[PDB]
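What follows is a set of notes on a single structure, which appears directly below.
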Amino acid sequence: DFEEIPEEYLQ
Amino acid sequence: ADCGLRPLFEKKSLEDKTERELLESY
Amino acid sequence: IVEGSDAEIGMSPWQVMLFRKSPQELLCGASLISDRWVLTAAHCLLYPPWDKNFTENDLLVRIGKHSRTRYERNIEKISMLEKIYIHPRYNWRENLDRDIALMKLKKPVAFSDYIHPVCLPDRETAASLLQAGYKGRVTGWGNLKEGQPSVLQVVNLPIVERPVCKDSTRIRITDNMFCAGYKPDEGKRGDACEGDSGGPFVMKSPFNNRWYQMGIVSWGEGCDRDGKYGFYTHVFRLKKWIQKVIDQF
Ligand SMILES: C=CCN(C(=O)c1cc(Cl)cc(OCCCONC(=N)N)c1)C1CCCC1
């Protein structure tokens, strides 16, 4: 459902 | 100190579509 | 939000999305009160009956959004939390009394057309505006039905007399809450709902034309039931703890 966000943030 | 003033409305003197209902109730 | 409408772009530039890293999900609403401080409901972070206890690294705040699910490139900012502060006497065991938390962002956000903080009320805006029959505005990306919107929803709801709030529920209502919603006979509907928690209940001052946050979406019984009402944390009554936290840390 949610569009993936920059992995920069999921760090 | 600029709180509560919306760039795309208050700052341009434009009203959103329902805020009149708010103001009319006061 | 139930029985609301799609927000206009830029309509609520203080609206923040509380976002779970993994599984990547919408936790709650929240609001931007300065370039570094977000205000939300304590129960979004800490609710032991539901084994909910998130920490700083569990979490991302996304500011400037309109689309629920899209990553809105060049429009939204996504920030990491430095520190969550729950009210010390937040009452999760009984009635969600003092349902309020502050989150300090790791770095400040820059403002834009889509990102702008809301005012917190002073004694006198509170006294003047927080009155039965006066309408405020709630916003969020939560359920439309007691199913979820593509875009930020908005609904305007009247403040309800305190006795009517008390007589609508078995729950013990405190001075740190107020309730809002249409009565069964008034013939308009609307309520917050699941997913909307932590979001702003705001009013526009007729004196200086600013938007003030009077409430935080707290709790209800179901969503949009006749004879039931939404309850909100009374931000003004808890302002002293807000001032304290902010200028101690
Ligand atoms: C009678 C219901 C019991 N409780 C809940 O159902 C309840 C608990 C939590 Cl953490 C959140 C909640 O609602 C959050 C969604 C927003 O509120 N809903 C509505 N405005 N319709 C509702 C809360 C617990 C304490 C008082 C009510």
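We label chains A, B, ... in the order they appear in the structure tokens, count residues from 1 in each chain, and number ligands from 1 in the order shown.
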Considering only C-alpha atoms, give me a table of residues in chain B that are at most 7 Å from chain C, with the closest atom pair and distance in Å for each, as a tab-separated table.
residue	atom	partner	partner_atom	distance
B:3	CA	C:119	CA	5.0
B:4	CA	C:211	CA	4.3
B:5	CA	C:210	CA	5.6
B:6	CA	C:116	CA	6.9
B:7	CA	C:113	CA	5.2
B:8	CA	C:10	CA	6.0
B:22	CA	C:135	CA	5.3
B:23	CA	C:206	CA	6.8
B:25	CA	C:134	CA	5.2
B:26	CA	C:134	CA	5.5
Using only C-alpha atoms, please write the residues we just selected to a file, as a PDB file, in the first residue's frame.
ATOM      1  CA  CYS B   3       2.369  30.407  13.508  1.00  0.00           C
ATOM      2  CA  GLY B   4      -1.079  29.727  12.237  1.00  0.00           C
ATOM      3  CA  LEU B   5      -0.778  31.684   8.987  1.00  0.00           C
ATOM      4  CA  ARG B   6      -0.926  29.442   5.908  1.00  0.00           C
ATOM      5  CA  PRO B   7       1.325  30.381   2.949  1.00  0.00           C
ATOM      6  CA  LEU B   8      -1.312  29.414   0.411  1.00  0.00           C
ATOM      7  CA  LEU B  22     -15.969  27.837  11.380  1.00  0.00           C
ATOM      8  CA  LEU B  23     -16.154  31.631  11.485  1.00  0.00           C
ATOM      9  CA  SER B  25     -20.264  29.524  14.263  1.00  0.00           C
ATOM     10  CA  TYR B  26     -18.302  31.960  16.463  1.00  0.00           C
TER      11      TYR B  26
END
- Residue list (strand (DSSP E), DSSP) for range 18-244 of chain C, as JSON, numbers by chain: {"C": [18, 19, 20, 25, 26, 27, 28, 29, 30, 31, 32, 37, 38, 39, 40, 46, 47, 52, 53, 59, 60, 61, 62, 63, 77, 78, 79, 80, 81, 82, 83, 84, 85, 86, 101, 102, 103, 104, 105, 135, 136, 137, 138, 139, 140, 153, 154, 155, 156, 157, 158, 177, 178, 179, 180, 200, 201, 202, 203, 204, 211, 212, 213, 214, 215, 216, 217, 218, 219, 230, 231, 232, 233, 234]}
Residue selection dump (C-alpha atoms) as a PDB file, in the first residue's frame:
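Written output follows (part-v5.pdb):
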ATOM      1  CA  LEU C  18       3.545   9.377  12.327  1.00  0.00           C
ATOM      2  CA  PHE C  19       5.026   6.571  10.273  1.00  0.00           C
ATOM      3  CA  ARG C  20       6.256   3.142  11.245  1.00  0.00           C
ATOM      4  CA  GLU C  25       2.646   1.916   8.313  1.00  0.00           C
ATOM      5  CA  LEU C  26       0.638   4.994   9.322  1.00  0.00           C
ATOM      6  CA  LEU C  27       0.679   5.053  13.130  1.00  0.00           C
ATOM      7  CA  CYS C  28      -1.075   8.339  13.901  1.00  0.00           C
ATOM      8  CA  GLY C  29      -1.503  12.016  13.154  1.00  0.00           C
ATOM      9  CA  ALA C  30       0.538  14.729  14.838  1.00  0.00           C
ATOM     10  CA  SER C  31       1.120  18.466  14.452  1.00  0.00           C
ATOM     11  CA  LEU C  32       4.056  20.791  13.874  1.00  0.00           C
ATOM     12  CA  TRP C  37       8.746  20.086  17.935  1.00  0.00           C
ATOM     13  CA  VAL C  38       5.852  17.800  17.054  1.00  0.00           C
ATOM     14  CA  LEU C  39       2.786  17.307  19.275  1.00  0.00           C
ATOM     15  CA  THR C  40       0.840  14.033  19.353  1.00  0.00           C
ATOM     16  CA  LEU C  46       2.535   4.083  24.621  1.00  0.00           C
ATOM     17  CA  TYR C  47      -0.473   1.867  25.136  1.00  0.00           C
ATOM     18  CA  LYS C  52       2.158  -0.704  21.973  1.00  0.00           C
ATOM     19  CA  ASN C  53       5.421   0.901  23.181  1.00  0.00           C
ATOM     20  CA  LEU C  59       9.564   5.986  14.141  1.00  0.00           C
ATOM     21  CA  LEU C  60       9.602   8.494  11.291  1.00  0.00           C
ATOM     22  CA  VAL C  61       7.604  11.734  11.052  1.00  0.00           C
ATOM     23  CA  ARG C  62       6.550  12.801   7.582  1.00  0.00           C
ATOM     24  CA  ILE C  63       5.646  16.488   7.176  1.00  0.00           C
ATOM     25  CA  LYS C  77      10.056  16.058   4.524  1.00  0.00           C
ATOM     26  CA  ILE C  78      10.799  12.935   6.533  1.00  0.00           C
ATOM     27  CA  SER C  79      12.508  13.392   9.901  1.00  0.00           C
ATOM     28  CA  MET C  80      13.954  11.143  12.593  1.00  0.00           C
ATOM     29  CA  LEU C  81      13.128  11.657  16.247  1.00  0.00           C
ATOM     30  CA  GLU C  82      15.652  12.665  18.827  1.00  0.00           C
ATOM     31  CA  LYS C  83      13.421  12.336  21.888  1.00  0.00           C
ATOM     32  CA  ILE C  84       9.873  11.449  22.867  1.00  0.00           C
ATOM     33  CA  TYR C  85       8.359  12.931  26.037  1.00  0.00           C
ATOM     34  CA  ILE C  86       5.124  11.469  27.453  1.00  0.00           C
ATOM     35  CA  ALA C 101       3.357  13.677  24.084  1.00  0.00           C
ATOM     36  CA  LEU C 102       6.058  15.878  22.570  1.00  0.00           C
ATOM     37  CA  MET C 103       8.590  14.644  20.033  1.00  0.00           C
ATOM     38  CA  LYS C 104      11.837  16.542  19.390  1.00  0.00           C
ATOM     39  CA  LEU C 105      13.071  16.216  15.778  1.00  0.00           C
ATOM     40  CA  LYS C 135     -16.782  24.585  15.449  1.00  0.00           C
ATOM     41  CA  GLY C 136     -13.270  23.345  15.070  1.00  0.00           C
ATOM     42  CA  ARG C 137     -11.581  21.278  12.370  1.00  0.00           C
ATOM     43  CA  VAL C 138     -10.041  17.832  12.534  1.00  0.00           C
ATOM     44  CA  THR C 139      -7.776  16.284   9.919  1.00  0.00           C
ATOM     45  CA  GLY C 140      -6.181  12.914   9.229  1.00  0.00           C
ATOM     46  CA  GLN C 153      -9.424  14.279   4.899  1.00  0.00           C
ATOM     47  CA  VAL C 154     -10.961  17.186   6.784  1.00  0.00           C
ATOM     48  CA  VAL C 155     -14.127  17.585   8.884  1.00  0.00           C
ATOM     49  CA  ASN C 156     -15.558  20.564  10.896  1.00  0.00           C
ATOM     50  CA  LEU C 157     -17.316  19.666  14.174  1.00  0.00           C
ATOM     51  CA  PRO C 158     -19.022  21.675  16.935  1.00  0.00           C
ATOM     52  CA  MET C 177     -10.682  16.537  27.773  1.00  0.00           C
ATOM     53  CA  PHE C 178     -13.471  18.031  25.792  1.00  0.00           C
ATOM     54  CA  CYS C 179     -15.795  16.364  23.275  1.00  0.00           C
ATOM     55  CA  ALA C 180     -16.939  17.384  19.821  1.00  0.00           C
ATOM     56  CA  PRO C 200      -4.933  18.502  15.507  1.00  0.00           C
ATOM     57  CA  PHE C 201      -8.328  19.918  16.439  1.00  0.00           C
ATOM     58  CA  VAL C 202      -7.788  23.561  15.389  1.00  0.00           C
ATOM     59  CA  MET C 203      -9.853  26.714  15.367  1.00  0.00           C
ATOM     60  CA  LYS C 204      -9.417  29.963  13.486  1.00  0.00           C
ATOM     61  CA  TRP C 211      -5.147  28.979  13.464  1.00  0.00           C
ATOM     62  CA  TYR C 212      -4.786  27.648  17.016  1.00  0.00           C
ATOM     63  CA  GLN C 213      -4.598  24.018  18.086  1.00  0.00           C
ATOM     64  CA  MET C 214      -7.203  23.540  20.856  1.00  0.00           C
ATOM     65  CA  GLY C 215      -7.330  19.734  20.891  1.00  0.00           C
ATOM     66  CA  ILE C 216      -5.502  16.473  20.071  1.00  0.00           C
ATOM     67  CA  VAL C 217      -7.612  13.601  18.648  1.00  0.00           C
ATOM     68  CA  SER C 218      -7.799  11.225  21.602  1.00  0.00           C
ATOM     69  CA  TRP C 219     -10.548   8.617  21.812  1.00  0.00           C
ATOM     70  CA  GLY C 230     -15.104  12.288  19.886  1.00  0.00           C
ATOM     71  CA  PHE C 231     -12.916  13.245  22.817  1.00  0.00           C
ATOM     72  CA  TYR C 232      -9.794  15.356  22.610  1.00  0.00           C
ATOM     73  CA  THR C 233      -6.887  16.292  24.849  1.00  0.00           C
ATOM     74  CA  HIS C 234      -7.387  19.857  26.124  1.00  0.00           C
TER      75      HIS C 234
END
- Select the residues contacting ligand 1 at a distance of at most 8 Å, based on only C-alpha atoms and all ligand atoms, then format the selection as a PyMOL selection string. chain C and resi 43-44+47+92-96+169-171+191-197+217-225+229-231
For residue 3 in chain A, find every residue with an atom within 6 Å (counting only C-alpha atoms), except residues of its own chain fewer than 6 positions away, and show them as a compact mmCIF listing (two decimals) with N, CA and C atoms, in the first residue's frame.
# COMPACT_ATOMS: atom_id res chain seq x y z
N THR C 69 -0.34 7.46 0.83
CA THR C 69 0.62 6.38 0.58
C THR C 69 1.85 6.74 -0.28
N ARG C 70 1.70 7.72 -1.17
CA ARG C 70 2.82 8.15 -2.01
C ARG C 70 3.99 8.69 -1.21
N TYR C 71 5.21 8.52 -1.72
CA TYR C 71 6.33 9.32 -1.25
C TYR C 71 6.31 10.59 -2.10
- Query: Quick one: of C:186, C:51, C:6, C:72, who's nearest to chain A, counting only C-alpha atoms?
  - Reply: C:72
- Quick one: DSSP helix (DSSP H, G or I) residues in chain B, as JSON, numbers by chain? {"B": [10, 11, 12, 19, 20, 21, 22, 23, 24, 25]}
If you keep N, CA, C and O atoms, can you produce a file of those selected residues as a PDB file, in the first residue's frame?
ATOM      1  N   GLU B  10      -3.991  32.422   4.107  1.00  0.00           N
ATOM      2  CA  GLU B  10      -3.991  33.676   4.861  1.00  0.00           C
ATOM      3  C   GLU B  10      -2.992  34.693   4.302  1.00  0.00           C
ATOM      4  O   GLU B  10      -3.335  35.858   4.083  1.00  0.00           O
ATOM      5  N   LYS B  11      -1.788  34.218   4.006  1.00  0.00           N
ATOM      6  CA  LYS B  11      -0.735  35.051   3.454  1.00  0.00           C
ATOM      7  C   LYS B  11      -1.053  35.626   2.061  1.00  0.00           C
ATOM      8  O   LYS B  11      -0.446  36.594   1.633  1.00  0.00           O
ATOM      9  N   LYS B  12      -2.022  35.043   1.372  1.00  0.00           N
ATOM     10  CA  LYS B  12      -2.398  35.492   0.044  1.00  0.00           C
ATOM     11  C   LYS B  12      -3.768  36.123   0.107  1.00  0.00           C
ATOM     12  O   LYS B  12      -4.351  36.485  -0.925  1.00  0.00           O
ATOM     13  N   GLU B  19     -13.785  27.272   5.685  1.00  0.00           N
ATOM     14  CA  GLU B  19     -13.461  27.981   6.916  1.00  0.00           C
ATOM     15  C   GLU B  19     -14.525  28.990   7.327  1.00  0.00           C
ATOM     16  O   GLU B  19     -14.623  29.345   8.495  1.00  0.00           O
ATOM     17  N   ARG B  20     -15.393  29.356   6.400  1.00  0.00           N
ATOM     18  CA  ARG B  20     -16.499  30.249   6.701  1.00  0.00           C
ATOM     19  C   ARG B  20     -17.486  29.636   7.711  1.00  0.00           C
ATOM     20  O   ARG B  20     -18.051  30.338   8.546  1.00  0.00           O
ATOM     21  N   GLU B  21     -17.706  28.331   7.602  1.00  0.00           N
ATOM     22  CA  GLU B  21     -18.521  27.574   8.554  1.00  0.00           C
ATOM     23  C   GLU B  21     -17.967  27.696   9.982  1.00  0.00           C
ATOM     24  O   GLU B  21     -18.712  27.916  10.932  1.00  0.00           O
ATOM     25  N   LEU B  22     -16.649  27.595  10.116  1.00  0.00           N
ATOM     26  CA  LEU B  22     -15.969  27.837  11.380  1.00  0.00           C
ATOM     27  C   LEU B  22     -16.271  29.249  11.895  1.00  0.00           C
ATOM     28  O   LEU B  22     -16.867  29.418  12.960  1.00  0.00           O
ATOM     29  N   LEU B  23     -16.006  30.249  11.068  1.00  0.00           N
ATOM     30  CA  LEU B  23     -16.154  31.631  11.485  1.00  0.00           C
ATOM     31  C   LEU B  23     -17.603  32.021  11.734  1.00  0.00           C
ATOM     32  O   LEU B  23     -17.900  32.705  12.707  1.00  0.00           O
ATOM     33  N   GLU B  24     -18.520  31.397  11.011  1.00  0.00           N
ATOM     34  CA  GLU B  24     -19.928  31.700  11.193  1.00  0.00           C
ATOM     35  C   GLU B  24     -20.456  31.167  12.503  1.00  0.00           C
ATOM     36  O   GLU B  24     -21.465  31.659  13.007  1.00  0.00           O
ATOM     37  N   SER B  25     -19.809  30.132  13.023  1.00  0.00           N
ATOM     38  CA  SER B  25     -20.264  29.524  14.263  1.00  0.00           C
ATOM     39  C   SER B  25     -19.826  30.302  15.500  1.00  0.00           C
ATOM     40  O   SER B  25     -20.355  30.056  16.592  1.00  0.00           O
TER      41      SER B  25
END
